[PDB]
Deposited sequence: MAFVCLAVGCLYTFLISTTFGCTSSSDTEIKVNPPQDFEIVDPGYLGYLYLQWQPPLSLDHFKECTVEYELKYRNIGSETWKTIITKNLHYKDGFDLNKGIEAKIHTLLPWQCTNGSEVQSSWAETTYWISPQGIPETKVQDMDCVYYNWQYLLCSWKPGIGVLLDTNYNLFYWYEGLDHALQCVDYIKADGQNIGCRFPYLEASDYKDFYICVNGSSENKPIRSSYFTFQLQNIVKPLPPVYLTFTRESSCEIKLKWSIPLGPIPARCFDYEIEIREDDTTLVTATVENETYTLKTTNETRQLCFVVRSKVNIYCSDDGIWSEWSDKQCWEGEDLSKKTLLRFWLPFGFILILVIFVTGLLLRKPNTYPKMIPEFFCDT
C-alpha cells in the first residue's frame, strides 16, 4: 500500500485562468502521480501522469474546477504488482461577487490583420479589462479603452501572443467575465489588393500575414488557395489557424 500525495492544492497565480495544481510526496526507484482534472460541467476528465510535484493548465474561471490525484507505484518499486494510493481531492472556485447578468454581455473580439486586437461588449459604475498570456509577468489592464463607461478595448502591440492561450477578465464594481482563446484563430485580415486581368490575378493585402496562410473566396462564387484562375475576399487557412473571419471584399 501507499499514501496519497500531501497538500494537494489548486493555486491561482492570478493569470486569469492559468492555474497550478500542487502536491507534496506521500509518506513511506521512481514515483508517479496520476492527476485527473476538469472544469465542473465537463463530462470528461483531463488525464496526466507525472513524476513532478506540480502541473499547470488553462481553465474556465467562469466555472468551478475539481481535481483528483493518486500516488502511483511502479512494479519495480514493489518488485511485485503495481501499487496505487487513494484519491486525494481538491477544488477551487472563484468567490463570485455581484449578481450574474451584472456580468457583461455580447463579448466579441477580432484580431484585425493579425495586427491590432479589439474587444467589445454591452453592459447590464464601470468595467475593467485585463489580459494575460505566458511571457507576461502579470496580468495587464487595457489602457486605450472604448468609452460610450467602458464598452471596448484597443490593445497595445501583443508581442509573441499567437499560438498560445490568451486570457481576459472583465472586472467591475459585480460578476467578472472570463474569456480564453488563441489569436491566430480570430483574425479578420484585409481584403486582397491590386486585382488585374491578363486566368486573372491579384495579390496579398498589406499585412504581417504571409501568403501561405491565406484562403481566397471569389464571387464573380468559388474558393481557392492560389491567386489566379471580379471581386475577391480572404481568410486565414487551416495551415495557420483553426478558425477565422473573412476579410471584407475588394473592389471590382
Which deposited-sequence positions, grouped into ranges, are missing C-alpha coordinates? 1-30, 59-64, 161-166, 191-192, 218-222, 248-254, 277-284, 294-305, 329-380
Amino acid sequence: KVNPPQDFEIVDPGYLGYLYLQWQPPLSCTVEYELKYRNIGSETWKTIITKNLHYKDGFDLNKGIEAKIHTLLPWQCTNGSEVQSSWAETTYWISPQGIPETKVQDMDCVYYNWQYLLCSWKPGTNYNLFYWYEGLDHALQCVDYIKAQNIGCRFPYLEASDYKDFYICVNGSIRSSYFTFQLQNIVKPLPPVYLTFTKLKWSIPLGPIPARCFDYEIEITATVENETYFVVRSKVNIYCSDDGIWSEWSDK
From here on, numbers count along this sequence of modelled residues.
49-57 versus 203-211: which one carries the higher mean Cα B factor per the record? 203-211
Should the higher mean CA B-factor in the entry be assigned to 153-161 or to 93-101? 93-101
Check the PDB entry and point out which of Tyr194, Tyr216, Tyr37, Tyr33 has the largest C-alpha temperature factor. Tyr194
Between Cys240, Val232, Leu16, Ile10, which one tops the list for C-alpha B-factor in the PDB entry? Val232
Taking the entry's C-alpha B-factors for this chain, is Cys29 in the lowest, middle or highest third? highest
Determine, from the deposited record, the chain-internal third of the Cα B-factor for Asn185: lowest, middle or highest. middle
Among modelled residues of the same chain, the CA temperature factor third for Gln76: middle
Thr223 - which third its CA temperature factor falls in, relative to the rest of the chain: highest
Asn62 CA temperature factor, ranked by third within the chain: lowest
